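Notes follow once the structure below has been shown.
Indexing begins at 1, ligand by ligand and atom by atom, following the structure's order. So that the names make sense, note that chain A is the first sequence line, chain B the second, and so on, each numbered from 1.
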Amino acid sequence: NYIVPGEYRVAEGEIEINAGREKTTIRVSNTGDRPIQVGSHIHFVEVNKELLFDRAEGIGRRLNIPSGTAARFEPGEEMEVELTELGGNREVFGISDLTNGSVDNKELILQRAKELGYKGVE
Amino acid sequence: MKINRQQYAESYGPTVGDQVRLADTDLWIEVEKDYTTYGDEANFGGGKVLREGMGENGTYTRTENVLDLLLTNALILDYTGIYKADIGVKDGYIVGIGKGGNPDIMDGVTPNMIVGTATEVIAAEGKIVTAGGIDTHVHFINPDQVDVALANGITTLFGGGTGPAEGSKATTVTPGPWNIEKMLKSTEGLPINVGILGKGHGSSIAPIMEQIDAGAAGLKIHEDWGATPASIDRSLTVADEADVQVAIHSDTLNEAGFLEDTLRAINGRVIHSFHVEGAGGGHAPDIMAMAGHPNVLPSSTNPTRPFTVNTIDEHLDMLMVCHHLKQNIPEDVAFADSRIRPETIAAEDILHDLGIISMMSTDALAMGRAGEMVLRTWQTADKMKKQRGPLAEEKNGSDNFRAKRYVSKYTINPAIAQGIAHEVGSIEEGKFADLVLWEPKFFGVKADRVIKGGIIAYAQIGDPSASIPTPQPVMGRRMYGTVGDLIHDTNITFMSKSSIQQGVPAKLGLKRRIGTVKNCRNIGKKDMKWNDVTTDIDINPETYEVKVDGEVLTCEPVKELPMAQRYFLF
Amino acid sequence: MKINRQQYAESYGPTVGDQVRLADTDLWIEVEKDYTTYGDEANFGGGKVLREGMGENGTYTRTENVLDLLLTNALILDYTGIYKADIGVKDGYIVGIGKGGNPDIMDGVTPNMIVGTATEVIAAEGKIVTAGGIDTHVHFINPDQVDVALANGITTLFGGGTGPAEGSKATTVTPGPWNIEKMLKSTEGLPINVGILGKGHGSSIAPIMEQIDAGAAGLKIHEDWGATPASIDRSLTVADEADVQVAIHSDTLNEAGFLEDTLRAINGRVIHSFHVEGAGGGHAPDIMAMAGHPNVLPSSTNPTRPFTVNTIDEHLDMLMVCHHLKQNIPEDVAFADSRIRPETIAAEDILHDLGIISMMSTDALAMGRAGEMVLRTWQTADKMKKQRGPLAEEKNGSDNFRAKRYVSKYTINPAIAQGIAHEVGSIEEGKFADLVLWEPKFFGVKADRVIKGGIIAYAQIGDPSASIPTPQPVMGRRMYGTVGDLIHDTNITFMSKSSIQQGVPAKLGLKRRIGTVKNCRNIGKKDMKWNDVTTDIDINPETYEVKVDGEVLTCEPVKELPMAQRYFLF
Amino acid sequence: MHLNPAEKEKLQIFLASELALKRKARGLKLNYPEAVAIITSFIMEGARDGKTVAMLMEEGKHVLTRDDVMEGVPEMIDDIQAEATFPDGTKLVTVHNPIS
Amino acid sequence: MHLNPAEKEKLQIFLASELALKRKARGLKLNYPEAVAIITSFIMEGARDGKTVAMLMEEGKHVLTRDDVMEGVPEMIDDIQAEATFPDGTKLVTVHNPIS
Amino acid sequence: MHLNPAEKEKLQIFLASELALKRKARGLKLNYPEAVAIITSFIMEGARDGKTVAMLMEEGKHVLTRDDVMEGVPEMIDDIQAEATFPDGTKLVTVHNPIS
Ligand SMILES: O=C(Nc1ccc(F)cc1Cl)c1ccccc1[SeH]
Ligand SMILES: O=C(Nc1ccc(F)cc1Cl)c1ccccc1[SeH]
Ligand SMILES: *[Se][SeH]
Ligand SMILES: *[Se][SeH]
Ligand code: NI
Ligand code: NI
Ligand code: NI
Ligand code: NI
Ligand SMILES: [O-]
Ligand SMILES: [O-]
């Protein structure tokens with residue numbers, strides 16, 4: 001019965017994030033010579049051009065990590081990450097200007113990615 | 001991917017079933033429900049969710065379902081529930097309580113809570129958010145009282161006074177058209193919401209009514225002006241015509257009547273009974289019996305709250321000094337002993353816990369503390385939990401029922417009593433964005449940020465010369481919502497319907513938002529949220545023993561309170 | 001009759017060839033020229049020159065070449081020169097720099113600098129006079145920050161924020177039409193010039209542009225809102241249409257791109273690169289390479305200025321606390337080590353000295369000190385003189401070249417970058433009379449008097465109850481230019497052309513002078529006064545070694561600074 | 001620290017009491033504001049020590065005597081009032097005729 | 001003296017620390033604002049003495065221990081921050097978990 | 001207490017002097033505002049003691065010497081002025097070149 005003012009007594013159990021959404025594991029390589037850190041909610045196909053991965057597997061997806069966290073890639077570092085599905089309307093506008101509409105337009109997204117030198121269009 | 005509950009609560013604030021201690025009290029509140037979608041929590045910062053094309057929508061203009069302000073991950077404590085949500089503000093009002101972000105990519109986004117180019121963000125994760133406090137017993141005596149009120153989470157001051165004039169030092173009254181006009185103009189510079197009470201005294205209607213038409217928001221009947229059957233009657237006749245509330249401080253002396261004579265003058269009309277326990281004023285010794293009646297909206301003032309070992313000594317002397325009473329004049333000692341009663345102060349604690357006294361208030365600078373209405377509400381709830389145990393209505397070992405009963409006393413119930421609950425008094429969609437953020441460790445003691453009309457007005461923040469705002473000294477300071485013309489848009493002057501229809505704001509050049517007082521004549525005790533009990537309160541005229549339906553109410557005072565010496569430098 | 005130079009300087013301030021030490025630094029400024037006529041110096045007091053029929057003209061009405069205010073015998077320190085002159089002010093503007101007095105009897109009187117019945121006098125003999133500082137990286141977090149800025153000679157705050165909301169605590173952004181309107185109204189009460197930045201984020205033009213039309217003076221792109229290629233592009237498209245500046249805090253994380261991707265999005269358009277060294281934010285580790293480009297207007301913020309033995313310890317921890325980083329989480333430590341770099345902070349000192357970084361700024365209350373932009377400019381110049389010697393361009397053993405290079409960094413260059421140099425940023429005829437008087441012993445540390453629009457706004461002055469104004473306590477105090485409606489006439493709200501054409505000032509009831517932002521899209525590095533160098537800056541991605549045209553830039557930190565413990569009580 | 005308005009003001013009473021106590025220690029008879037500051041600070045420090053309101057009503061009459069203060073000061077001070085945080089929250093102390 | 005706004009405010013931290021130190025000397029367990037004032041003033045006086053930021057980050061963890069303060073105070077103070085003029089100008093000191 | 005504006009401000013000079021005196025006692029050479037605070041408070045406490053203006057004009061030149069203060073401080077202080085209530089009402093004291 002020591003009192004910590006304003007303390008929490010959390011319930012039992014664990015919180016499952018992004019429940020019911022498809023998960024996908026892909027390997028990603030920072031081919032650049034500077035570090036790249038990627039937030040939880042960036043449309044994964046639109047990340048930095050020097051990240052090498054199967055760009056098609058980033059379409060309509062983002063990192064399956066707690067909201068507001070990030071994955072870090074040191075220069076030359078290759079690792080696996082787990083992606084989850086975007087939700088809501090599954091549309092993306094802005095960021096790298098690869099989508100600007102439905103994420104269902106995979107052909108158009110990959111054509112723009114390839115033109116602009118986003119590594120890993122396969 | 002799963003997150004344990006300790007780590008989840010640290011990052012986003014607590015979620016369903018988690019409990020949080022209120023300051024250093026023994027009171028625990030439990031999250032009843034959560035509007036989020038786990039994994040799509042909104043947050044702001046470097047690599048965080050609220051970024052363009054991500055949790056921030058980059059397409060929509062402000063008019064297109066975009067917020068001016070999103071409070072992320074708030075733990076709301078309100079009469080309407082204790083729950084986790086994002087709060088969306090637009091045009092100075094609460095427009096959405098739910099889940100904010102970007103429909104492009106997030107599940108479960110409330111349709112009018114889009115984070116867009118136009119949206120500011122306040123992080124409320126790990127904070128408790130309440131409505132601004134509504135203080136309905138304010139003496140306008142010293143303008144320095146406004147920051148004292150803001151620092152303890154008060155956002156609305158209803159009362160009267162012209163400064164440290166004796167009429168104002170005793171009574172919540174701004175008398176007559178001219179003093180009312182002058183104080184409406186003074187109000188243009190006060191960074192808090194205000195409503196002004198006129199003098200509820202006269203034997204003709206016109207001298208009383210002309211105060212309402214001049215811009216008063218209500219009336220105060222006070223024994224120091226003659227709380228006679230005539231003044232009571234004429235004030236309530238005016239109030240019923242004007243749709244404003246009447247507050248009463250009754251005839252302590254029983255000079256023209258006993259309590260039953262005051263109730264007969266009231267004649268079943270609605271009235272707000274101030275300091276209903278009676279140390280602060282009223283028919284000796286039985287005024288507190290008012291709190292049993294269906295047409296009475298009963299409030300306490302704060303120095304009796306809660307009953308402590310120093311309460312009687314402090315009050316007996318306070319009353320002696322204020323009335324210039326002499327310890328060697330037997331009539332003065334008899335008067336004081338009839339007015340300051342351990343029996344009724346002890347029972348007042350229990351009447352609060354039972355929902356028989358509906359409201360708290362200060363009595364700021366007349367017999368009460370401008371910055372301790374919220375503080376003493378929680379000290380009372382904590383003492384009642386310690387002495388009476390969890391209420392029978394509780395579950396999960398939480399104090400949620402008691403917390404909703406007590407938060408109602410200084411938020412929604414005063415607002416309903418005054419006719420202003422359409423604008424203020426709760427965290428609900430469509431109401432003015434008067435919001436108080438609390439760190440749980442400081443809950444009810446020192447507000448972190450006070451939002452007025454959707455802009456921060458007051459904050460505990462540090463050195464203005466520092467690289468970051470957290471270095472010492474951290475103290476309460478007025479923020480940009482109080483500066484220049486923004487003080488007009490972030491605060492409400494509440495006025496009678498007749499003064500508004502007669503163009504008083506334009507006549508006086510008032511720039512503040514104008515609030516209409518309405519709907520406060522066809523309410524009663526049943527309309528007081530979580531505090532709606534009507535019952536027969538008997539106060540023994542010989543012993544001052546209090547009975548509720550023939551059951552004796554005794555309580556003991558406490559020697560120590562939480563929310564006291566751990567926190568305060570003096 | 002001859003006067004020796006010691007006696008002359010004591011009476012009238014220094015003249016041609018005389019040198020003056022800046023505070024307790026090793027920097028000396030030399031009087032380049034003097035507008036006076038020896039023997040006809042203006043001065044004011046008992047039996048002095050500015051008396052009716054003598055140095056004061058008794059014939060002319062105010063409209064007839066008469067001044068509202070004459071600053072006598074000023075030592076001007078400005079990008080335009082270091083020289084001795086009288087300064088004449090009329091209608092709140094600098095109308096004459098030359099020789100004031102009475103043409104009746106004095107030789108060499110500048111024709112529109114007549115001292116007449118209408119003329120006030122400020123004695124500037126023995127003072128240094130500069131333009132008011134222009135701070136272009138202000139977070140509006142705590143209104144107490146304005147006096148902190150005035151006390152160190154700042155007169156213009158450009159930035160954003162709504163108070164201590166998280167968006168504002170991280171970013172110089174007032175987002176969307178409503179928050180902009182509210183902060184324009186708040187600005188009516190701030191006794192300093194202000195311009196507000198909107199959120200430079202969106203993938204559609206309209207959400208960004210509606211901020212400009214609402215009264216924003218510019219935009220801020222910040223990584224915390226998504227410093228993506230799209231947000232960069234749309235913001236600069238808006239800026240080019242609206243003729244306002246864009247400030248950038250780039251993608252530190254390199255999430256959507258490296259520096260070359262940000263430069264490609266910019267596509268040769270003008271941009272103001274904030275905290276270009278990068279401790280305050282930007283592409284890790286090479287953001288500082290921005291300062292070599294012709295379309296980049298590069299500023300530093302102040303905590304890295306200059307490089308000292310406590311700089312890294314203070315910043316590493318500051319960054320850890322502000323981002324809630326954990327010393328035991330390797331990604332957090334790697335991020336901090338990539339961002340806080342002794343190599344780039346050391347090189348930043350030299351880049352200032354070489355004229356490759358054009359501007360200083362605070363980052364007030366976000367990662368910078370509201371009252372230390374001027375202070376740290378001079379500490380940097382002093383450290384560079386101590387380590388690198390006099391610049392090759394100097395003569396007479398004076399530091400005039402370095403003093404003009406450094407004074408430009410917080411006066412004229414920010415004003416040019418922002419599109420406001422037609423109104424502010426230098427002591428020139430036709431510009432607003434924002435003037436700071438300094439005692440040389442306090443130069444750059446504590447302003448003596450800050451003149452805003454030709455009326456003193458802020459002064460170091462003593463006991464208000466005393467017989468004379470010099471007795472203790474001498475402290476910074478707001479003066480009559482801040483009081484009542486004079487705050488409107490002595491300060492400028494800078495706004496976009498479109499908001500002015502659309503009548504926003506009338507709509508919001510703004511009474512402040514309204515300044516038009518213009519001409520900031522067809523400028524570049526070449527337009528930065530004394531700081532116009534373009535070059536290839538290479539930052540080694542492995543070692544963070546800095547090279548300028550293939551030459552390594554290393555510097556050492558210092559253990560002590562001037563303008564520090566001799567002056568400050570804490 | 002989270003200072004509220006009252007905490008900031010009441011620091012100035014402690015400071016005035018420290019000033020007055022130094023003046024008394026070097027042998028000066030105290031004046032009206034010095035005497036009020038000493039008694040006021042004594043009350044607030046007593047509350048902080050956890051004394052009762054009734055103890056401080058008694059003690060505050062014995063902090064300074066008429067020989068400690070200038071002529072007329074005892075009769076200028078009808079009573080001294082102070083609010084401070086006791087263990088049971090803020091309470092008002094009134095000391096009647098503190099200097100006889 | 002030429003006091004600027006920060007110099008005026010920071011005098012009040014020194015005063016609050018002197019008040020808290022008197023309370024500690026008469027045997028009271030200190031409360032939240034007392035403890036913050038003592039540690040804060042210690043940091044600013046250390047800067048004035050010419051200590052380094054790194055020295056004060058270490059020392060500020062040893063100024064008060066949990067037995068010096070009331071129950072819960074150690075856990076209420078996550079960190080104390082102060083800016084002061086070092087020999088090399090203003091710097092920020094953050095003391096993490098100053099009272100264990 | 002009935003404090004007027006000047007009484008409230010001048011408390012801050014006493015406080016700054018107490019701060020500076022603690023710094024001097026632990027062996028620091030004093031800076032410009034520290035030295036001004038010490039001499040100023042000395043003048044106002046001397047008036048309170050009932051010294052003459054002429055006594056304080058003389059004494060204020062002997063409160064601090066050049067070895068008590070940092071390089072340049074003696075030459076930064078041309079004079080120190082203070083008003084205080086003497087037995088014969090408020091008077092101005094000016095100390096010329098207080099530190100030689
Ligand atoms: O009220 C108390 N007890 C009580 C009385 C009637 C009940 F029905 C229940 C309880 Cl616990 C109590 C017990 C001890 C001290 C104070 C009090 Se207010
Ligand atoms: O910059 C320094 N020296 C230097 C380097 C290249 C030059 F062309 C000239 C100099 Cl003096 C220096 C010398 C010692 C300490 C710091 C510095 Se920034
Ligand atoms: Se009531 Se004094
Ligand atoms: Se940034 Se605290
Ligand atoms: Ni009353
Ligand atoms: Ni009252
Ligand atoms: Ni930045
Ligand atoms: Ni910034
Ligand atoms: O009352
Ligand atoms: O920044």
Side-chain angles (χ1 to χ4, degrees), chain B residues 45-46 135-141 145 157-161 166-173 197 200 220-225 227 247-252 272-283 287 290 299-304 318-319 322-323 339 361-370 373 467-469, chain C residues 135-141 145 157-161 166-173 197 200 220-225 227 247-250 252 272-276 278-282 299-303 318 322 361-370 373:
Chain B
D135 186 6
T136 57
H137 195 144
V138 181
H139 295 252
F140 294 103
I141 289 169
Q145 70 191 105
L157 304 179
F158 248 75
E166 275 66 26
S168 294
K169 289 194 288 185
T171 83
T172 59
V173 164
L197 307 181
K220 170 71 172 293
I221 305 160
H222 196 294
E223 77 179 313
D224 288 11
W225 299 116
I248 186 164
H249 170 140
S250 66
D251 184 352
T252 308
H272 178 170
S273 177
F274 278 177
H275 39 61
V276 71
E277 174 284 323
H283 288 286
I287 176 62
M290 287 279 287
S299 56
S300 290
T301 58
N302 73 14
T304 58
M318 186 187 296
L319 183 68
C322 273
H323 288 231
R339 176 159 163 181
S361 68
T362 63
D363 218 337
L365 285 169
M367 194 165 173
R369 294 169 174 116
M373 170 172 70
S467 56
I468 52 167
Chain C
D135 186 6
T136 57
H137 195 144
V138 181
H139 295 252
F140 294 103
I141 289 169
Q145 70 191 105
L157 304 179
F158 248 75
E166 275 66 26
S168 294
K169 289 194 288 185
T171 83
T172 59
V173 164
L197 307 181
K220 170 71 172 293
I221 305 160
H222 196 294
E223 77 179 313
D224 288 11
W225 299 116
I248 186 164
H249 170 140
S250 66
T252 308
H272 178 170
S273 177
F274 278 177
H275 39 61
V276 71
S299 56
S300 290
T301 58
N302 73 14
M318 186 187 296
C322 273
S361 68
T362 63
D363 218 337
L365 285 169
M367 194 165 173
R369 294 169 174 116
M373 170 172 70

Under 2.8 Å from the Ni ion (ligand 8) - protein N/O/S, by chain and number: C/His137 NE2, C/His139 NE2, C/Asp363 OD1
Check: B/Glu277/B/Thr304 side-chain N/O donor and acceptor closer than 3.5 Å: no
Separation of C/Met373 CE from C/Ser300 OG (nearest 0.5 Å): 12.0 Å
For B/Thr301, side-chain hydrogen bond (donor to acceptor under 3.5 Å, both in side chains) partners two or more places apart: none
Qualifying residues under side-chain contact (heavy atoms from CB on, under 4.5 Å), relative to B/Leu365, sequence neighbours excluded: B/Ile141, B/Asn142, B/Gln145
Side-chain donor-acceptor contact under 3.5 Å, C/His249 with C/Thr171: no
Partner set under salt bridge (charged side-chain N to carboxylate O under 4.0 Å, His left out) for C/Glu166, not counting sequence neighbours: B/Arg449, C/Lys169
